[PDB]
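Any value given below was found using the heavy atoms of this structure, including those in side chains, with hydrogens, waters and symmetry copies removed. First the proteins, then the strands, lettered A, B, ... as listed; each starts at 1.
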Amino acid sequence: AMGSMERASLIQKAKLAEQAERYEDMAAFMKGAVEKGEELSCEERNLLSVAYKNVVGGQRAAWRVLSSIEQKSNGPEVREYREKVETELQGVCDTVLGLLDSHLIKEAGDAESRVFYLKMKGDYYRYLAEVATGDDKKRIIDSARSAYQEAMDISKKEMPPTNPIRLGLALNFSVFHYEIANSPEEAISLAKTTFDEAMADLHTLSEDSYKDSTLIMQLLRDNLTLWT
Amino acid sequence: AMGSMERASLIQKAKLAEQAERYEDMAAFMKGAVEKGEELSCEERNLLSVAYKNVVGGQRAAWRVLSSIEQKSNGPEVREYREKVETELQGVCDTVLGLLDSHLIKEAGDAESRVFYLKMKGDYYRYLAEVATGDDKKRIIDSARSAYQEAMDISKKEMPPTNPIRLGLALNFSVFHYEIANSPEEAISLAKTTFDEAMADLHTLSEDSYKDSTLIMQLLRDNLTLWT
Amino acid sequence: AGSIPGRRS
Amino acid sequence: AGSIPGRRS
Ligand SMILES: *Cc1ccc([N+](=O)[O-])c(OS(=O)(=O)C(C)C)c1
Ligand SMILES: *Cc1ccc([N+](=O)[O-])c(OS(=O)(=O)C(C)C)c1
Ligand SMILES: [Ca+2]
Ligand SMILES: [Ca+2]
Ligand SMILES: [Cl-]
Ligand SMILES: [Cl-]
């Protein structure tokens with residue numbers, strides 16, 4: 001699709017699409033950039049993540065609206081339309097997972113890139129789990145857990161406890177535990193331990209890094225306040 | 001595309017898509033409903049208008065962002081991407097205009113339907129005019145003016161001065177004069193006369209109709225405040 | 001200035 | 001509750 005466009009042009013257009021709030025375009029541009037086969041820089045990884053987060057975020061919000069209407073009703077139209085949105089959402093998740101598997105993760109050697117992509121893998125399996133029903137749900141849940149766990153193991157070995165990627169991974173894994181895995185106690189323990197270990201490391205940071213880390217720490221605290 | 005789905009199901013799904021903020025879907029459902037060939041009820045006309053207003057509104061906002069970046073710059077990427085968005089916007093406007101021409105307007109005999117569709121025709125030519133350059137702009141501008149003028153002539157003969165469709169038509173025609181036709185004095189005169197004639201007719205209205213009419217009258221006043 | 005917002009029904 | 005919002009870069 002994007003095979004005729006220069007990598008640098010795809011990246012430039014992804015940034016313009018973000019400014020224009022054209023997130024479907026942004027995701028297509030970044031998919032094209034990934035398919036050029038080169039590794040992604042830190043900024044380019046962020047563009048890929050922002051693009052697909054916005055696309056799947058719109059789909060998840062629509063699926064929740066339709067699922068709530070469908071549950072209140074219980075013609076075929078509400079179910080049929082919820083199913084259509086769900087299939088589209090699953091297709092976006094499968095596209096992202098496919099990019100990670102071909103071949104972003106296998107080429108990611110540095111902790112910052114590998115943790116970033118594995119967190120993404122856990123997130124997109126988590127979005128699949130939100131709409132899955134039955135034993136399909138079990139294997140999807142295990143795939144999310146496995147990706148998050150590998151990312152956690154790397155992050156604890158290779159990054160300081162204030163690193164924003166490490167903090168966001170722990171935040172999202174804690175949400176996985178609470179909302180997906182029916183493990184609220186594990187969610188609370190992870191959020192508390194992550195927060196406390198980051199607090200103890202803030203003294204090492206510059207003013208700008210302090211702002212980055214404390215922003216995410218506040219998200220951990222917000223969840224803990226809602227969960228306790 | 002939607003030819004296999006029942007008209008009533010398309011309408012139901014358009015309402016669900018609105019609740020889910022899936023306006024592209026909503027527009028496709030309503031296009032399918034129009035293509036069934038039957039006239040649209042008042043509620044169905046509103047669904048058609050809301051769907052496409054949201055779709056073209058997103059495109060117009062993106063085009064304005066990209067056009068502003070492009071003007072600041074003066075590689076090909078900003079222009080190329082603005083051109084892509086512009087072509088997509090023109091395609092949506094052409095689709096709407098095509099539905100009005102085949103065959104909504106020709107079958108619309110009552111003032112409420114005919115004025116509604118002609119106002120829509122003026123609006124979508126106006127959106128085309130916002131992105132047009134040169135002598136193309138002249139004929140597009142005249143097409144918008146002609147549609148608005150026919151709608152105005154019908155509305156003055158057939159509707160009270162407080163009718164919300166009549167008020168919204170006058171509001172949008174005044175914006176056409178100010179923003180497109182370089183006729184700010186005509187814009188101000190139309191907005192003032194419309195407001196004053198509606199004010200004098202409010203005494204005839206129920207509480208609910210009073211609320212509907214005064215809401216649009218406030219939009220006229222807001223424009224007059226910005227223009228004077 | 002502002003046309004009919006027209007995005008909610 | 002809330003994951004990383006992650007929608008702005
Ligand atoms: C163009 C227009 C003017 C007035 C109304 N109205 O208040 O009925 C209208 O209908 S609408 O549902 O599309 C409203 C702009 C939300 C259209
Ligand atoms: C998952 C995640 C955690 C932290 C950051 N960060 O603050 O750098 C991050 O990068 S990002 O640009 O996508 C941010 C969520 C806007 C991702
Ligand atoms: Ca090249
Ligand atoms: Ca039928
Ligand atoms: Cl590598
Ligand atoms: Cl008729």
Undergrad: Do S41(A) and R45(A) come close enough that some side-chain heavy atom pair is under 4.5 Å?
TA: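 No; the side chains remain at least 4.5 Å from each other.
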Undergrad: Hey, is CD on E38(A) packed in by over 12 heavy atoms from elsewhere, all under 6.0 Å?
TA: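 No, not enclosed.
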Undergrad: Any salt bridge linking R145(A) with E150(A)? Criterion: basic side-chain nitrogen under 4.0 Å from a carboxylate oxygen.
TA: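 Salt bridge absent between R145(A) and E150(A).
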Undergrad: Looking at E24(A), I want to see if its CD is surrounded by more than 12 non-hydrogen atoms of other residues, nucleotides or ligands under 6.0 Å.
TA: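 Open.
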Undergrad: Quick one: are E39(B) and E44(B) in side-chain contact, heavy atoms under 4.5 Å?
TA: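 Sidechains of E44(B) and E39(B): no contact.
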Undergrad: Return yes when atom CD of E6(A) has more than 12 non-hydrogen atoms of other residues, nucleotides or ligands closer than 6.0 Å, and no otherwise.
TA: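 Count not over threshold, so no.
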Undergrad: Do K121(A) and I105(A) come close enough that some side-chain heavy atom pair is under 4.5 Å?
TA: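 With C-beta onward as the side chain, the pair touches.
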Undergrad: Is the shortest heavy-atom distance from the side chain of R7(D) to the side chain of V50(A) under 4.5 Å?
TA: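 No - every pair of side-chain heavy atoms lies 4.5 Å or more apart.
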Undergrad: If we count only N and O atoms by modelled type, under 3.5 Å, do the side chains of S9(D) and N46(A) hold a donor and an acceptor together?
TA: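 Distance-only check fails for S9(D) and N46(A).
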Undergrad: When you check the side-chain N and O atoms of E70(A) and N74(A), is any donor under 3.5 Å from an acceptor?
TA: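 No - no donor-acceptor pair under 3.5 Å links their side chains.
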Undergrad: Mark yes or no for whether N163(A), through its side chain, and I165(A), through its backbone, hold a donor-acceptor pair below 3.5 Å.
TA: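 Checking the backbone N and O of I165(A) against the side chain of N163(A), a donor-acceptor pair under 3.5 Å is found.
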Undergrad: Is there side-chain contact between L128(A) and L97(A), with at least one heavy-atom pair below 4.5 Å?
TA: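 They are in contact (side-chain heavy atoms under 4.5 Å apart), so the answer is yes.
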Undergrad: How long is the span from the OG atom in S146(B) to the CG atom in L118(B), to the nearest 0.5 Å?
TA: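 Here the interatomic distance stands at 9.0 Å.
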Undergrad: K53(A) and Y127(A): side-chain donor and acceptor closer than 3.5 Å?
TA: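 Note: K53(A) and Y127(A) side chains meet the donor-acceptor criterion.
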Undergrad: A side-chain contact here means heavy atoms from C-beta on lying under 4.5 Å apart; do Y125(A) and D142(A) qualify?
TA: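 With C-beta onward as the side chain, the pair stays apart.
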Undergrad: Quick one, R126(A) and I140(A) - any side-chain contact, counting heavy atoms below 4.5 Å?
TA: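 A side-chain contact is absent here, since even the closest heavy-atom pair is not under 4.5 Å.
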Undergrad: Could you note down all residue pairs passing side-chain hydrogen bond (donor to acceptor under 3.5 Å, both in side chains) where residues 168-180 of chain A supplies at least one of them, sequence neighbours left out?
TA: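 Qualifying pairs: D123(A)-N172(A).
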Undergrad: Once ring-ring contact (aromatic ring centres under 6.0 Å, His included) is applied, what residue pairs with a partner in residues 77-96 of chain A remain, sequence neighbours excluded?
TA: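 Listed once each, the pairs are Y81(A)-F29(B).
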Undergrad: Under the 3.5 angstrom rule, does the side chain of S9(B) hit a backbone N or O of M5(B) as a donor-acceptor pair?
TA: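 Answer holds: no.
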Undergrad: Is there side-chain contact between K84(B) and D25(A), with heavy atoms separated by less than 4.5 Å?
TA: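 Sidechains of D25(A) and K84(B): in contact.
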